[PDB]
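Take a look at this one chain, the form solved without (2R)-2-(phosphonooxy)propanoic acid, written out in structure tokens.
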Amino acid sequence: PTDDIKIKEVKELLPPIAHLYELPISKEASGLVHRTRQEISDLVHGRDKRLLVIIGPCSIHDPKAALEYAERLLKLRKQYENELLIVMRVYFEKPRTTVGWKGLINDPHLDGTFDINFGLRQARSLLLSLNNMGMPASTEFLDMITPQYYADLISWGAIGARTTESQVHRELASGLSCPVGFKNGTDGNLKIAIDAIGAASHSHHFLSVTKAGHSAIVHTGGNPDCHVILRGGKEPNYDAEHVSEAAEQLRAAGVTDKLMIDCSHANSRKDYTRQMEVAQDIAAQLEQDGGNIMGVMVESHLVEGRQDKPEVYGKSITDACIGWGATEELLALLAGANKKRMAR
């Protein structure tokens, strides 16, 4: 015996078309996705000076809270639309080296069953509702298969720090319909993210699944709307001198020198109250010059901090988020600052 020795089971997976038939994209959702992708493209290439704000929970573990959060964020989206382009974080799984909760797609029931068919349906339904209420959505694509279930509803995608250097993730990015952000590496390596944009911009052949759930060869056209995200290393890398050094390197590689700064993760050193400090520093850069900044990322929820079990409503069970109060503060700060950049 040499085949599937360490496989316990192979289970039935509904193909993407099953979900697309139940939850077809609406006219409005298409329009919103389409133009949000264009609008972000314009930010990536320096054609517009608004600040892309990718903001929301670290992960989504409860769609009801996600929709209530979206309702609130939507008012600030409209209010700040001339200064900020606000797009909600709708991430289904925090990649984790240890055991623990495996994300909404994997474990929608939050009990260690794996009900991926239900997860993908829930994921798509939440995304469709969000787009339907005027809130565009962003997410991190972890594998090569899940995107076929809801990428059509995504206006901006991330490739995480742990996969920016992975070739098949760069290939995936090269065929994604949405702009894509590549994070610097977990120890602060920027070059891998710069290379990724290089790779992602060219055509690739990668193996994936058709909408019908059958393996196929996908020939991509390249993604011209990729960029770097500074999310910290051994040290934080959000300040002006890091930004400026990043911008030089980007120009040096012939790619866009407009980048995004993540206020969270290793830039806050995992202390959610520091996100505001980073946003303050970014505010200060925009007021002085900050021409290379095109966006920021913030981990924000209804209620602040985090919990191991999903006991409190609207409170993260992955990374600790700022609460809604602080969120209003932060967005007002960034709006006020960028208005003054856009006048200059």
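Only the largest set of C-alpha atoms that superpose within 1.5 Å between the two forms is called the rigid core. Note that residue numbering begins at 1 and tracks the sequence as displayed.
What comes next is about the form solved in complex with (2R)-2-(phosphonooxy)propanoic acid, which is not displayed.
Judged by heavy atoms within 4.5 Å of (2R)-2-(phosphonooxy)propanoic acid in the entry with it bound, the contact stretch among the candidates 74 to 82, 120 to 128, 88 to 96, 268 to 276 is 88 to 96. Although the partner is absent here, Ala161 lies within 4.5 Å of (2R)-2-(phosphonooxy)propanoic acid in the entry with it bound, judged by heavy atoms. (2R)-2-(phosphonooxy)propanoic acid in the entry with it bound is not approached by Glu68, whose heavy atoms all lie more than 4.5 angstroms from it. Proximity of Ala283 to (2R)-2-(phosphonooxy)propanoic acid in the entry with it bound falls outside the 4.5 Å heavy atom cutoff. Put simply, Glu287 is far from (2R)-2-(phosphonooxy)propanoic acid in the entry with it bound: not one heavy atom of it is within 4.5 Å.
Only one of the listed residues (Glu140, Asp107, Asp225, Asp257) places a non-hydrogen atom within 4.5 angstroms of (2R)-2-(phosphonooxy)propanoic acid in the entry with it bound, and that residue is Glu140. Contact annotation for 45 to 66: a single residue, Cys58, has a non-hydrogen atom within 4.5 angstroms of (2R)-2-(phosphonooxy)propanoic acid in the entry with it bound.
Core-based superposition between this form and the one not shown leaves all of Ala252, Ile217, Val99, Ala212 but one with CA shifts under 2 Å; the exception is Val99.
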